[PDB]
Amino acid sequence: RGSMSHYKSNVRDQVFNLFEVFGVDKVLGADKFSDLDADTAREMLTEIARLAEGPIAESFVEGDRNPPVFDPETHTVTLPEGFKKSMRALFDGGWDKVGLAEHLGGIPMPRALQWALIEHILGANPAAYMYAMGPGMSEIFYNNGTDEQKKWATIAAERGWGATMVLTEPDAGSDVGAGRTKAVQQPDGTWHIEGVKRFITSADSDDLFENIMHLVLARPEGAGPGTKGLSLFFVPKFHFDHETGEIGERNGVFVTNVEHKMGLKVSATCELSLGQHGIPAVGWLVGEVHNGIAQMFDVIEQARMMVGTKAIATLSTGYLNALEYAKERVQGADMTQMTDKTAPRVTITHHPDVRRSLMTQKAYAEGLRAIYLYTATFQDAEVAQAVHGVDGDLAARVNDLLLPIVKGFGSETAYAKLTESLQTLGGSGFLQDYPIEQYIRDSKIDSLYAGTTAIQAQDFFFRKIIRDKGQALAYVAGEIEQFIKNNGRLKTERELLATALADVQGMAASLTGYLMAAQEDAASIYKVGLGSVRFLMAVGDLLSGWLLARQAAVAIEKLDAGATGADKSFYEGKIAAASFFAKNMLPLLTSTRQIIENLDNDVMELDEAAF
């Protein structure tokens, strides 16, 4: 049982952010984007949203109810037929090449538009996008490769090969540097990779593709320890003719298990055995240099952006499903007539707690969309210059700062607020007939893969703030302050934002203080760890509230100018969301600041036996 047409898209909100808030249309028709105009970008969003609501979403239930089957003798996976049909619709429209470099066959576009297009695939059937990331990986291989490797990357992108990122081992998940997979140099300059990797997404994909590029982290014999000792290797499923791309003999890299998961069931998550079956796993050193963790983080950065966007896309369709249900479900009387047991029955959108729930879902779904689109505006130097006036170096540091927010805050928030979406359906929300319970199961992984929330929060504080000397964080804070410092119709929202900004500044000062104290009392560093996730989530709430308030300011201007009809309703909802978020979400940061200011190490000193 399940909903075929489950996916409800929101192109209108995407276009509002892209063009009316962030002004991405400034760069369309100019420089890198000379051949792409605003009308064409809008048509592309409508087209992929239609394909996503149709053929891609059509197999969302099927992939979960009839999941992939592993044959351990052939080391291959069979995917359900309807899901492969969805994949073919993706390929036939070129949607595995969104934002691929022109020289690899893509259409040049700003990253903000690229991720808005991808949002639709991730909301309709996110595993379909994951299987379709091969050309994107080919582009990363190209950028990191030798001249000869760039030839192979060009073939792979043209032919649409699939791809995997192969880091994790049973003893090396968060601690990538603990990996033991080894690389043995051959006299001809190739390497033989030996080891067993775990949890590898898409490591086999039935007959979707002619080949799969495994990008594998391994430790050359005699290399040093930790991440710094790791190198990155191109390990193709099949050998091939490096001149023509013609597929050759099977390379020694074999799936040996497929996990049984809570959700994302149609994404084959695989134990991957390299050189264990009497056939060498030949690998080629990427770029013919030993620089593996740096190279692989080109991939990780994109995966983390995808995972946060996936969480956000899923909350959005969860909200729209809940809203559509609530508009039609009649239950109970209006609260003003509660005592009159003869009173007319009302649709549940008339109930305060349902409106509370729906506005909570709305404000977070729309605030998160704003966050990932804002982040993407720093991923092209030309867009960052045109829309923000920031140079390429600062833009890169701002993007790096925001990625743990997209991934960590996005994943955690989306899963939490889908609870409200399900609750809106009542008992029916617990049924597989409706898609919210699968959204919940499919999104639980988003706080775990591509680096757990705790790893995101440690990255955010230690690398993206401390190692950055606070430059990116100071830039964003300065933009929030400028908004606050400027019609008095958003006065209370600006005051609530000023309090939230000062709360987050207070948190940052407190955690920085603990870090400095650790120069003298090493254990003081634990308090940074204790507060790190709460700090990451606070910055996300602050950014959400600020971006919603910017959206409200645009909406006020459009209403003042004379918006009517569905436009008017849209703008009215932005004002209501920004106000609701400021009044109901932001004040909690004040208590969180005080909690962070009072952290102590009692919980660290407690005997493990006492838990």
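Residue numbers here begin at 1 and follow the sequence given.
In this entry, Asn486 and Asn487 are separated by 1 to 3 residues of the deposited sequence that lack coordinates. On average the C-alpha atoms of 386 to 394 have higher B-factors than those of the other stretch, with 386 to 394 and 149 to 157 being the two compared. With 376 to 384 and 416 to 424 compared on mean CA B-factor from the PDB entry, the stretch scoring higher is 376 to 384. The top Cα temperature factor in the record, among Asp241, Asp442, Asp541, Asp459, falls on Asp241. Of the candidates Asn321, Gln276, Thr314, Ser86, the deposited coordinates give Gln276 the top C-alpha B factor.
For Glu366, the recorded CA temperature factor ranks within the middle third of the chain's modelled residues. Ranked by C-alpha B-factor against the other modelled residues of its chain, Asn143 falls in the highest third.
In this PDB entry, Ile193 carries a Cα temperature factor that places it within the lowest third of its chain's modelled residues. Placement of the Cα temperature factor of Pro435 within the chain: lowest third of the modelled residues, per the deposited record. Sort the modelled residues of the chain by CA B factor and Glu81 lands in the middle third.
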